[PDB]
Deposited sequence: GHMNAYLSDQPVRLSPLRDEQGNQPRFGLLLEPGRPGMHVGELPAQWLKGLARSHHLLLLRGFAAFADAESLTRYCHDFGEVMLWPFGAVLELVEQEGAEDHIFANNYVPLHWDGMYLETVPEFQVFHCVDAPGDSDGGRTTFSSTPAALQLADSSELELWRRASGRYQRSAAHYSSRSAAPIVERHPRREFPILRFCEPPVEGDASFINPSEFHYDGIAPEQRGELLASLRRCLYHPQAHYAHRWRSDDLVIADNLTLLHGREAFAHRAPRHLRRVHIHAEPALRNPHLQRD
């Protein structure tokens, strides 16, 4: 059980985001339609963008949504400045039941989008085209870095503040662990989690940096695992959150589509090694 504190002037029902077990982290907002048959496009994108910036993760659930990738794309061009890839606006993310090429990892550690790019998108917009039946594990995960910062104790925090991450894949990227939001100034974390060099601390302290970061980022106050449903529309603040993916035993059938939206104006990657 929990209480609901939101009353909107928009034709929607708002409530705190909670995962399927009822845990309520310190971010996220659930939006549901205020009229029969309401489509996501009926809400003003400028308003949604405001909510995404303060709540960091929006889940629009139960709305009629986009008939195809083209419709989603046109919507996103109205929503903001789409960050285009060689493939266009929409990344297709399709998984088949029990599929699995044996060289992958069983999961995706926490990171942010655009780490190795010339420009960093402010938002991820995910449309769940289809999510039939239920899966075991495999949920998309999100962590609020400001929440993690509130969980850290004095010594954990002191360690984080002197640490820097160096990442390579060739593209290279480096960021202090503790950052400022690149437009809005508030404290955030930028961390790419190992399944990777960490400077500014002693090598003997690497183990403790990772443990403490993980304790706080995966804490129930800071972490949310999303179980997709058909026609969910999720808008994530990529400048504040880190995201990843929960381990799975039985991969379920699922179709997601992702579009990136530029910051205003477009954000030059401050961490890319040029």
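For this chain, the deposited residues without C-alpha positions form the stretches 101, 171 to 175, 202 to 213, 293, given in sequence order.
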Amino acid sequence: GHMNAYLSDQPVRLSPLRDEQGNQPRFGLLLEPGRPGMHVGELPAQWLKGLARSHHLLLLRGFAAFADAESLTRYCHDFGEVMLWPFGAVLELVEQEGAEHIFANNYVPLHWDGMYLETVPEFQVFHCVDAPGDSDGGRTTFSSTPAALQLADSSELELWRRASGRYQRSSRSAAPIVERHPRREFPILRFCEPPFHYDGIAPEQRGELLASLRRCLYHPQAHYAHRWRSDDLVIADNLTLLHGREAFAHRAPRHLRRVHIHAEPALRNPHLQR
From here on, numbers count along this sequence of modelled residues.
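Annotation for 86 to 94 versus 127 to 135: the higher mean temperature factor (C-alpha) is found in 127 to 135. When the mean C-alpha temperature factors of 242 to 250 and 220 to 228 are read from the deposited coordinates, 242 to 250 comes out higher. In this entry, the residue among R206, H56, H39, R61 with the greatest C-alpha B factor is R206. When the C-alpha B-factors of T141, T73, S170, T145 are ranked from the entry, the top spot goes to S170. In the deposited entry, the Cα temperature factor of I188 sits in the bottom third of values across the chain's modelled residues.
When the CA B factors of the chain's modelled residues are split into thirds, the value for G22 lands in the highest one. Residue-level temperature factors show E100 in the highest third of its chain, judged at the C-alpha atom. Residue-level temperature factors show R162 in the highest third of its chain, judged at the C-alpha atom. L210 sits in the highest third of its chain by CA B factor, as recorded in the PDB entry.
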